Amino acid sequence: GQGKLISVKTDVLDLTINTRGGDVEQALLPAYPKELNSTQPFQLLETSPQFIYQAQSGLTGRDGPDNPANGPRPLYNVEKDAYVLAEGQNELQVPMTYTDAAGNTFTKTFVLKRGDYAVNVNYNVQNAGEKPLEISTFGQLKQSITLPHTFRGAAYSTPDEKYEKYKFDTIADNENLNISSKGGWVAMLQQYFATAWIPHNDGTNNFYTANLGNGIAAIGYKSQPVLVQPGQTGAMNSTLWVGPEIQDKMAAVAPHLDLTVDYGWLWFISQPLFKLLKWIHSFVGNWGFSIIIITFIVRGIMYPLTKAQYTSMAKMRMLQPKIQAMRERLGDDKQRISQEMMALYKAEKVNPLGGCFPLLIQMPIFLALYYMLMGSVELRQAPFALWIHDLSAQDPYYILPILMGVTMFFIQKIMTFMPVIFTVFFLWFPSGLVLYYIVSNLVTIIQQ
């Protein structure tokens, strides 16, 4: 598109909109720092020689001006180049109007709200002709496949397919989506943030993906066409989400939008924990302290499980003399020994043949929390006491993994090395998770 760019700003959203077609070329998030130790707002949508990510919309169909068959994309008229949300206003409207040769009027209006990342894109069509106008609305998100772990791609939702992801690589292989459904939405995802189009109509929306060429992937929707009778006026709506993947906020815009967060295959464990963590954060006022409390709470519900294996392993030391006696009695044959030392363990029914059972039970926990930590937008650049400014990121001074390690050594051949191995294993993990484990290992130390 080519014409001129207009600026629309709220407290949470900084947009750059092209009047030709009303596409959104730039989008900044003032509420979120670009990086840590930065004063610069995060940039979701970009239009660069190096990278592109836009939210496009307009009126297609047989008589839609944005339809390439009806000529060039419509150049909307605006009153000014700068729009700013007022102090005594919760809402900002940016109406742009186009009138064709036949005299029909096409009005496009961006209406933004304070503190809201959901931008409504609504249309008004006034038929001045003698024949009915057949118009369908659309909304398309396009983005470069390769950037200048988490999931970066597209996603959608239908009444049948409640949630489904779509990789850019699939789109890149020119194998595209082509489904239809009533309501629903399409979206492009990344860590902590997401764009989405949510149609508001009476029809059967058509969802699709598209290779736009030059390594540019796209996903969008095309609504069922509506008829605007002569002399009459018609209206068409859609909602553009652009910003953070906050679950409570996305639930109000459209159903199942909240699922845009990547909690991995261990999804059913992370979502309650985040609701749990957020529930604590409600009156504690801190994320780090909330994590310490949730640490205790998970330890509190798991006290029967920790005690049971301890009962067992205490018993294991009691049975160590007899096993060496087996070794002496049967000699050096693994079959008889292993089966019957096992048989003893099983017979006395305390030992699960696992001292690493504490490890494999913490397999879901580590992962679930990790995905929560790395996926939750609320924990992004979340503050903790002392020298921790980002809970989602690793400790910059690498102190907390060493902290963890010393607590770990303090729990008194390969096991004579593994407490330090955890220091380097935890150098590559978020401080929040390390914090969790330090506190959790403190619970064992307090147990002592």
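Those letters in the sequence shown? Residues 56 to 203, 216 to 479, 493 to 528, per the deposited numbering, in order.
Even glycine gets a Cβ: it sits at the ideal position worked out from N, Cα and C.
Cβ of residue i within 7 Å of Cβ of residue j?
{"i": "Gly287", "j": "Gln195", "result": "yes"}
{"i": "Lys229", "j": "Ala222", "result": "no"}
{"i": "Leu307", "j": "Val166", "result": "no"}
{"i": "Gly58", "j": "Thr71", "result": "no"}
{"i": "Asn272", "j": "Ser290", "result": "yes"}
{"i": "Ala435", "j": "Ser337", "result": "yes"}
{"i": "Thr503", "j": "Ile518", "result": "no"}
{"i": "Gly251", "j": "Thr225", "result": "yes"}
{"i": "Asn243", "j": "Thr201", "result": "no"}
{"i": "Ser520", "j": "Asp462", "result": "no"}
{"i": "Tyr138", "j": "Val79", "result": "no"}
{"i": "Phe97", "j": "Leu84", "result": "yes"}
{"i": "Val523", "j": "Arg366", "result": "yes"}
{"i": "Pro499", "j": "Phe476", "result": "yes"}
{"i": "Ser305", "j": "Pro339", "result": "no"}
{"i": "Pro292", "j": "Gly116", "result": "yes"}
{"i": "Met471", "j": "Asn418", "result": "no"}
By the 10 Å Cβ neighbour count, where 16 or more other Cβ atoms means buried, how is residue i classified, buried or exposed?
{"i": "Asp69", "result": "buried"}
{"i": "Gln109", "result": "buried"}
{"i": "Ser191", "result": "buried"}
{"i": "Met430", "result": "exposed"}
{"i": "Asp400", "result": "exposed"}
{"i": "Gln198", "result": "buried"}
{"i": "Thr378", "result": "exposed"}
{"i": "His348", "result": "buried"}
{"i": "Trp454", "result": "exposed"}
{"i": "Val67", "result": "buried"}
{"i": "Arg447", "result": "buried"}
{"i": "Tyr370", "result": "exposed"}
{"i": "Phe506", "result": "buried"}
{"i": "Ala254", "result": "buried"}
{"i": "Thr496", "result": "exposed"}
{"i": "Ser93", "result": "exposed"}
{"i": "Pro127", "result": "exposed"}
{"i": "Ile494", "result": "exposed"}
{"i": "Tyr464", "result": "exposed"}
{"i": "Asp329", "result": "buried"}
{"i": "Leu256", "result": "buried"}
{"i": "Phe350", "result": "exposed"}
Report the rounded CA-to-CA distance for residue i versus residue j, giving the unit in angstroms.
{"i": "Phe356", "j": "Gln527", "result": "21 Å"}
{"i": "residue 598", "j": "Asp121", "result": "What is shown of the chain runs 56 to 528, which leaves residue 598 out entirely."}
{"i": "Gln391", "j": "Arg403", "result": "13 Å"}
{"i": "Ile428", "j": "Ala449", "result": "28 Å"}
{"i": "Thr160", "j": "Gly170", "result": "32 Å"}
{"i": "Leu100", "j": "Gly143", "result": "28 Å"}
{"i": "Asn132", "j": "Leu188", "result": "21 Å"}
{"i": "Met317", "j": "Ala124", "result": "36 Å"}
{"i": "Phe363", "j": "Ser103", "result": "48 Å"}
{"i": "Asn177", "j": "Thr164", "result": "5 Å"}
{"i": "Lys249", "j": "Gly119", "result": "21 Å"}
{"i": "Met393", "j": "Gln387", "result": "10 Å"}
{"i": "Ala319", "j": "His456", "result": "31 Å"}
{"i": "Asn353", "j": "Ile361", "result": "12 Å"}
{"i": "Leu515", "j": "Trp332", "result": "23 Å"}
{"i": "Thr327", "j": "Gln81", "result": "21 Å"}
{"i": "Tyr438", "j": "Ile432", "result": "10 Å"}
{"i": "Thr373", "j": "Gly422", "result": "12 Å"}
{"i": "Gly270", "j": "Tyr172", "result": "25 Å"}
{"i": "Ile525", "j": "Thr474", "result": "8 Å"}
{"i": "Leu60", "j": "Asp136", "result": "7 Å"}
{"i": "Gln105", "j": "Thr65", "result": "27 Å"}
{"i": "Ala263", "j": "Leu324", "result": "9 Å"}
{"i": "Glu146", "j": "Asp240", "result": "42 Å"}
{"i": "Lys416", "j": "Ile478", "result": "26 Å"}
{"i": "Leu458", "j": "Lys89", "result": "16 Å"}
{"i": "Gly398", "j": "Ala375", "result": "33 Å"}
{"i": "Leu91", "j": "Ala460", "result": "10 Å"}
{"i": "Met151", "j": "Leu294", "result": "22 Å"}
{"i": "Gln95", "j": "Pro203", "result": "18 Å"}
{"i": "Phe274", "j": "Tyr87", "result": "31 Å"}
Given 8 Å as the limit, is there contact between the stretch 295-305 and the stretch 390-410, that is, 3 or more CB pairs closer than that? By the Cβ test, the stretch 295-305 is not in contact with the stretch 390-410, since fewer than three Cβ pairs between them sit closer than 8 Å.
Counting beta carbon pairs with one atom in the stretch 410-421 and one in the stretch 311-325, are three or more of them shorter than 8 Å? By the C-beta criterion, the stretch 311-325 is judged not to be in contact with the stretch 410-421, since fewer than 3 inter-stretch pairs fall below 8 Å.
Would you say the stretch 337-356 touches the stretch 429-449, given that touching needs at least three Cβ pairs under 8 Å? Between the stretch 337-356 and the stretch 429-449, the count of Cβ pairs shorter than 8 Å is three or higher; the stretches touch.
Quick one: complete beta strand (DSSP E) runs, 3+ long, within the stretch 395-434? Here no run is fully enclosed.
Which runs of the alpha helix (DSSP H) spanning at least 4 residues fall entirely within the stretch 64-102, listed in chain order? The qualifying runs do not exist here; there are none.
Considering only residues of the stretch 124-157, which uninterrupted beta strand (DSSP E) runs meet the minimum length of 3 residues and lie entirely inside it, listed in chain order? Runs found: 137-139 and 146-154.
Meets three-Cβ-pair contact criterion under 8 Å: the stretch 176-185 and the stretch 146-160: In short, these stretches touch, since the Cβ pair count reaches three.
Starting from the N-terminal side, write out each stretch of the beta strand (DSSP E) that is 3 residues or longer and does not extend beyond the stretch 236-278. Correct list: 245-248, 252-256, 260-267 and 272-278.
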